[PDB]
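Computed from heavy atoms alone, side chains included, the values below leave out hydrogens, waters and symmetry copies. Chain A is the first sequence line, chain B the second, and so forth, proteins listed ahead of strands; every chain is numbered from 1.
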Amino acid sequence: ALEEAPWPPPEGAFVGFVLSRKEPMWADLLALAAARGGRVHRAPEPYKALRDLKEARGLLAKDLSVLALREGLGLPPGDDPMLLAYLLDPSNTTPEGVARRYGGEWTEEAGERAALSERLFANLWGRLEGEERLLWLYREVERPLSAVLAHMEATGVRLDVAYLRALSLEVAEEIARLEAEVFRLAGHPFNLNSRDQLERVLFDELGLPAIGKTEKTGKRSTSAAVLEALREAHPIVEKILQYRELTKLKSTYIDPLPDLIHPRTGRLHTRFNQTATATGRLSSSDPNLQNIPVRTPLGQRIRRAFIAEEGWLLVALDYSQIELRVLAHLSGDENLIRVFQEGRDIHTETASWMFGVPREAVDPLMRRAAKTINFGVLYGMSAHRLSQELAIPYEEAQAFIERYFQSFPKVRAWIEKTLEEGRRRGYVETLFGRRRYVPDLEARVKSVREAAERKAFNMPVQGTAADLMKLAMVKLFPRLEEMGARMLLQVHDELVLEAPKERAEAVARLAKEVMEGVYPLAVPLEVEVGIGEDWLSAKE
DNA sequence: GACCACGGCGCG
DNA sequence: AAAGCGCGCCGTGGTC
Ligand SMILES: Nc1ccn([C@H]2C[C@H](O)[C@@H](COP(=O)(O)OP(=O)(O)OP(=O)(O)O)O2)c(=O)n1
Ligand SMILES: [Mg+2]
Ligand SMILES: [Mg+2]
Ligand SMILES: [Mg+2]
């Protein structure tokens with residue numbers, strides 16, 4: 001019911017837009033509208049009308065900004081009601097839900113989206129009047145970060161497509177050998193990808209023991225953890241786990257990624273979703289480039305396909321022991337602080353215990369394993385689970401958990417203060433005041449309450465680490481531009497950059513310093529930096 | 001074609 | 001699977 005006005009809109013109007021599909025790098029811009037001052041302006045031809053905007057201001061601003069960047073236009077994102085709602089409550093993840101919560105409807109019409117953006121901005125900006133810590137997060141982190149993310153998304157990353165095509169052919173041959181061996185040991189063929197058929201074979205036909213059951217339907221589970229258990233109670237299991245590895249990698253990375261190269265960039269473009277997680281982390285999708293393989297030799301082969309443009313180098317920067325350092329700061333544990341002031345490495349230390357070798361003997365595959373144990377235990381893994389992953393007696397696992405925490409005695413104190421203030425206020429918060437609402441801290445079913453507790457005390461540590469990385473991205477991005485380097489990926493506590501070969505060294509030193517200095521804590525932040533033609537060689 | 005739930009699993 | 005947390009994507013199996 002807004003007065004139809006002629007295009008263009010006045011400066012500072014709210015934009016609405018419709019995409020043929022959710023990925024801005026692939027979408028056709030179907031319709032473009034703007035709203036301000038009781039007027040809605042609808043664009044005659046959406047692509048041309050992009051040239052008239054000075055900024056993208058409205059719901060999903062970053063997506064329109066990426067599509068503008070793809071078309072050679074600098075149209076930075078500004079205000080986005082989604083960002084306001086997400087700071088108020090990170091359960092606010094989609095326009096559909098935000099619109100109904102704060103007074104409107106997310107439709108499929110640009111003009112209605114424009115009007116909705118204007119109202120939703122007014123209401124939410126008012127709900128934020130007075131929330132000085134959240135306002136600071138919005139102005140100094142989330143709103144400027146969206147500009148960085150738009151540039152990352154539009155830049156993309158070079159992928160060695162030919163290499164991966166070749167790899168698909170080798171991997172397929174190994175899958176068919178493993179499959180043939182599985183069928184032989186079972187005495188007939190069947191779909192190894194059907195967990196239902198595999199369950200029957202393993203537990204009915206071959207009589208193997210069934211260790212555990214699935215959550216929703218109570219089937220006998222065929223998970224890696226259950227199969228690792230009985231990995232000698234039959235050799236078929238050995239093969240199935242290998243088949244699972246290869247097919248996971250082929251179907252998720254090797255085959256799909258080469259078909260996602262963009263015609264106009266020649267590169268691979270992810271999306272960095274800014275209002276997607278309960279803790280303040282980013283997520284990555286279409287495709288997810290935050291879960292590229294790294295653990296196994298085949299995974300590393302896949303990771304080697306992510307390469308630098310000709311004449312450039314990749315620079316990979318990864319915070320050291322990051323959530324332990326954050327925990328040191330948040331809890332104030334004297335022993336934990338000392339650890340890092342002394343340059344100790346808890347992942348290496350735990351790996352030493354796990355595999356029984358001196359710390360100078362811990363290799364990379366060993367240290368990485370220690371990480372799940374270290375964060376497993378910190379965030380509340382059960383002795384039974386630990387016992388089974390480490391392959392030690394139950395009593396040895398309880399003992400490790402007890403020693404872990406008694407090493408750093410103020411941590412349990414910090415957990416209980418976090419939970420207690422979380423029961424009273426209904427949310428928990430990061431160092432910078434980012435909040436997560438956690439009801440159920442007072443639930444009357446113990447299992448439900450204890451799950452809420454593990455959610456609640458993880459969020460301040462994981463979310464503070466997320467705040468620190470976002471703030472560093474915001475500080476680092478202008479310096480990279482001035483140096484002619486590019487930011488490509490964020491993987492929670494890691495940045496991957498692309499830099500001209502002749503500046504790569506200065507870029508690495510500079511990026512390390514900004515990341516280490518982003519916000520001084522009671523413990524040094526240390527960053528490991530590597531340079532290489534490919535993502536794997538850049539982390540060594 | 002489009003959904004979706006589930007078990008499962010890659011990374012942080 | 002189990003008292004780690006946070007994600008997104010796969011294939012299967014099922015429905016419309
Ligand atoms: N299994 C894991 C792995 C990671 N993380 C969290 C805590 C880590 O600190 C953070 C970053 O992951 P990294 O793999 O980079 O681990 P670290 O930063 O702690 O160790 P490293 O010194 O190897 O970088 O993500 C987690 O909760 N559980
Ligand atoms: Mg790290
Ligand atoms: Mg990392
Ligand atoms: Mg699921």
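Heavy atoms of A:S387 sit nowhere under 4.0 angstrom from any nucleic acid atom. Here A:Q388 lies in heavy-atom contact (under 4.0 Å) with a base. Across all strands shown, A:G212 has heavy atoms under 4.0 Å from sugar-phosphate atoms exclusively, and none from any base.
Separating the P atom of C:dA2 from that of B:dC6 is a span of 15 Å, rounded to the nearest Å. The gap from the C1' atom of C:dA1 to that of B:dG7 amounts to 12 Å, rounded to the nearest Å. Nucleotides B:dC4 and C:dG4, compared at atom P, are 30 Å apart to the nearest Å.
Residues A:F375 and A:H347 place their aromatic rings such that the two centres sit under 6.0 Å apart. For A:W26 and A:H269, the ring centers sit 6.0 Å or farther from each other. Ring centroids of A:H151 and A:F477 are separated by less than 6.0 Å, placing the two rings close together.
Checked by atom type and distance alone, the side chain of A:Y404 pairs as donor or acceptor with a backbone atom of A:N374 at under 3.5 Å.
Of the charged side-chain nitrogens involved, none lies within less than 4.0 Å of a carboxylate oxygen, so that A:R165 and A:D255 do not count as a salt-bridged pair.
Two residues are said to be in side-chain contact when any heavy atoms from C-beta on lie closer than 4.5 Å; A:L268 and A:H262 fail this criterion.
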Distances under 3.5 Å only, N/O to N/O: pair up the protein atoms with those of nucleotides 5-9 of chain B.
from: B:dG7; atom 1: OP1; to: A:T214; atom 2: OG1; distance (Å): 2.7
from: B:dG7; atom 1: OP1; to: A:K216; atom 2: N; distance (Å): 3.3
from: B:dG7; atom 1: OP1; to: A:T217; atom 2: N; distance (Å): 2.9
from: B:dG7; atom 1: OP1; to: A:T217; atom 2: OG1; distance (Å): 2.7
from: B:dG7; atom 1: OP2; to: A:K216; atom 2: N; distance (Å): 3.0
from: B:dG7; atom 1: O3'; to: A:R195; atom 2: NE; distance (Å): 3.1
from: B:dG8; atom 1: OP1; to: A:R195; atom 2: NE; distance (Å): 3.3
from: B:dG8; atom 1: OP1; to: A:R195; atom 2: NH2; distance (Å): 3.1
from: B:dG8; atom 1: OP1; to: A:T222; atom 2: N; distance (Å): 2.7
from: B:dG8; atom 1: OP1; to: A:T222; atom 2: OG1; distance (Å): 2.7
from: B:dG8; atom 1: OP2; to: A:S221; atom 2: OG; distance (Å): 2.8
from: B:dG8; atom 1: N2; to: A:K248; atom 2: NZ; distance (Å): 3.1
from: B:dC9; atom 1: OP1; to: A:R244; atom 2: NH1; distance (Å): 3.1
from: B:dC9; atom 1: OP2; to: A:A224; atom 2: N; distance (Å): 2.8
from: B:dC9; atom 1: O4'; to: A:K248; atom 2: NZ; distance (Å): 3.2
from: B:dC9; atom 1: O2; to: A:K248; atom 2: NZ; distance (Å): 2.8

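Phosphate proximity of C:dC10 to A:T252: absent, as no side-chain N or O sits under 4.0 Å from OP1 or OP2.
For A:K22 and B:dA2, the NZ to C1' distance is 13 Å, given to the nearest whole Å.
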